[PDB]
Amino acid sequence: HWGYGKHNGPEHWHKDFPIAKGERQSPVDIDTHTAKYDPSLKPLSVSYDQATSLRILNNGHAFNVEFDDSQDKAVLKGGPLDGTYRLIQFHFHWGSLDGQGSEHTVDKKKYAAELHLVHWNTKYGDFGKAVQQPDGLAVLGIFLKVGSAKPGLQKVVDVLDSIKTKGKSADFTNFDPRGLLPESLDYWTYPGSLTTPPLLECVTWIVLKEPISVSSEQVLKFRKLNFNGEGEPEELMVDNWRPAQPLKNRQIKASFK
Ligand SMILES: CCN1CCC[C@H]1CNC(=O)c1cc(S(N)(=O)=O)ccc1OC
Ligand SMILES: [Zn+2]
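Regarding the site of ligand 1
Next, step 1: Close to ligand 1 lie 14 residues; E66, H91, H116, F127 and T195 are nearest.
Next, step 2: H91 places a side-chain nitrogen or oxygen 2.6 Å from an oxygen atom of ligand 1.
Next, step 3: The separation between an oxygen atom of ligand 1 and a polar side-chain atom of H116 is 3.0 Å.
Next, step 4: Contact with the protein chains hides 77% of the accessible area of ligand 1, taken as 550 Å² for the molecule alone.
Next, step 5: When residues of the shell around ligand 1 are traced back to their parent elements, those giving at least two are β7 (85–94) and β9 (113–121).
Next, step 6: The element that contributes the greatest number of residues to the shell around ligand 1 is β7, accounting for 3 residues.
Next, step 7: Split by residue class, the shell around ligand 1 holds 7 nonpolar, 6 polar and 1 charged.

Points about unusual backbone geometry
Next, step 1: The linkage connecting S26 with the following residue, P27, adopts the cis geometry, with an omega of 5°.
Next, step 2: Its location among the elements puts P27 in the segment before β1 (29–30).
Next, step 3: Omega for the bond connecting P197 with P198 falls within 30 degrees of zero, at 5°, which places this linkage in the cis form.
Next, step 4: Here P198 is to be found in the loop between β12 (187–192) and β13 (203–208).
Next, step 5: Positive phi values are uncommon outside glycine, yet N174 reaches one of about 45°.
Next, step 6: One can find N174 in the loop between β11 (169–171) and β12.

Section: the UniProt feature "active site" in the protein chain
Next, step 1: The residues that UniProt annotates with the feature "active site" are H61.
Next, step 2: Structurally, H61 is set in the loop between β4 (53–58) and β5 (63–67).
Next, step 3: Under the relative-accessibility criterion, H61 is labelled buried at 18%.
Next, step 4: Residues within four places of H61 in sequence aside, it is in contact with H1, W2, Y4, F227, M237 and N240.

Conventions used here
Residues numbered from 1 in each chain as written, not as in the entry; some residues may be left out. Chains lettered and ligands numbered in written order. Heavy atoms only, no water. Near = heavy atom within 4 Å. Polar contact = N/O pair within 3.5 Å; in protein donor to acceptor, adjacent residues only side chain to side chain. Areas by Shrake-Rupley, 256 points an atom, 1.4 Å probe, with all protein chains shown as cover. Helix = DSSP H or I, 4+ residues; strand = E, 2+ residues; numbered from the N terminus. Nonpolar A, V, L, I, M, F, W, Y, C, P; charged D, E, K, R; others polar. UniProt positions renumbered as here; feature names shortened; annotations may be inferred. Buried < 20%, exposed > 50% of the residue type's maximum accessible area, 1.4 Å probe, protein only. Contact = heavy atoms within 4.5 Å.

What follows is the structure, encoded as structure tokens:
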């Protein structure tokens, strides 16, 4: 089965998932000098107010926090999105070290981790149908510096012991994801894919410029998680990121100067 090691890693993914060498794969490197301001972009609308988180899960790849997406209560509009995308889950990618962990790079620079808040276009009814469409999903990417602690992440960090190994899941109601947001909503956007299998090319990417600082103690607990299942050889969940991909025939736009 696919993973992040030497024998099942990203370089082995094209065999079971030929789209890996597709035309719009993610992540990519965002060259800040060639990225172009897009006057045509409508202001981004993040409305995670009546967001209802339910549980967190270790899927032997990351840890995800799930949301009731049975109403338009947490939504992402505006910017490149011509529609309304509903929040369903969010998850992280981090490294074994602070100088790596992010999936997207900025001028080749690699962050300690990267946050993916995931949304699906409501005109397609469910997520299963959404994922089969070029404009199916929109994912909000936020970078993570190691520095000062992020309070709105700690409630997450503290429940990570109860979901150490693949298959485990704990209750995670009443978490507000707005705490994970940075100050500015300035972003690069491009047409991309999922960054793990099945690597479907169904995603509009909105990667924010301004990262969040999390403490060294915080990201350290992400690293204490296991890839393996209970009572198996202990693989540490670290470096769960796919390297940047050929941009090919794509422009990374920007929402500023
Ligand atoms: C827990 C909810 N699951 C079941 C239903 C929705 C799904 C959530 N997963 C994803 O949307 C997803 C996102 C990425 S990404 N944005 O590139 O980081 C990569 C692979 C993914 O799934 C295979
Ligand atoms: Zn991701």
